[PDB]
Amino acid sequence: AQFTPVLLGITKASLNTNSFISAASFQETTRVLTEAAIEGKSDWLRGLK
DNA sequence: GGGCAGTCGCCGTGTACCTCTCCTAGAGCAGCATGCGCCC
């Protein structure tokens, strides 16, 4: 595959985490929960918060 | 066809604690206690 490096930002990088529980409790609860429900995500409870 | 550029709508905006008040809805329908008129 090909790729290109990117520079994200403090709030864009924190909304792309692997756990939907930690992202839902930060900002934009409804959009995050809707996307997680559509994708059928699961959370394995790693890290604080 | 291929757009640039412009516009519109949604998201976000530090932490703990103390005191005073007002409100849980509002209109229809029937029961009741009161005031006043009536017949003896």
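Quick note on labels: first sequence line is chain A, next is B, and so on, each numbered from 1.
Going by the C1'-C2'-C3'-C4' torsion, the sugar of B:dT34 sits on the south side, since that angle is negative. In B:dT24, the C1'-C2'-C3'-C4' torsion is negative, which places the sugar in the south family. Judged by the sign of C1'-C2'-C3'-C4', the sugar at B:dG35 is south, the angle being negative. Here B:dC17 counts as north. Its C1'-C2'-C3'-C4' torsion is positive. The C1'-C2'-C3'-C4' dihedral of B:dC11 is positive. Its furanose therefore counts as north.
A:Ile10 places its CD1 atom 18 Å from the P atom of B:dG12, with the value rounded to the nearest Å. Between A:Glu28 atom CD and B:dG9 atom P there is a gap of 19 Å when expressed in whole angstrom units. Per the geometry, NZ belonging to A:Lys12 stands 18 Å off P belonging to B:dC11, to the nearest Å.
A donor-acceptor pair is defined here as one N or O able to donate and one able to accept, closer than 3.5 Å; such a pair exists between the side chain of A:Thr29 and the backbone of A:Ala24.
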task = Evaluate the side chain to side chain contact (heavy atoms under 4.5 Å, CB included) criterion for residues A:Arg46 and A:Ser19: first the C-alpha distance (whole Å), next the side-chain angles of each, then the deciding distance (0.1 Å), finally the verdict.
result = CA-CA 8 Å; A:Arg46 303 178 190 130; A:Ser19 75; over 6 Å; no
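In this view, A:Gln27 satisfies the side-chain hydrogen bond (donor to acceptor under 3.5 Å, both in side chains) rule with no residue, not counting sequence neighbours.
Here the side chains of A:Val6 and A:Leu8 are in contact, with some heavy-atom distance below 4.5 Å.
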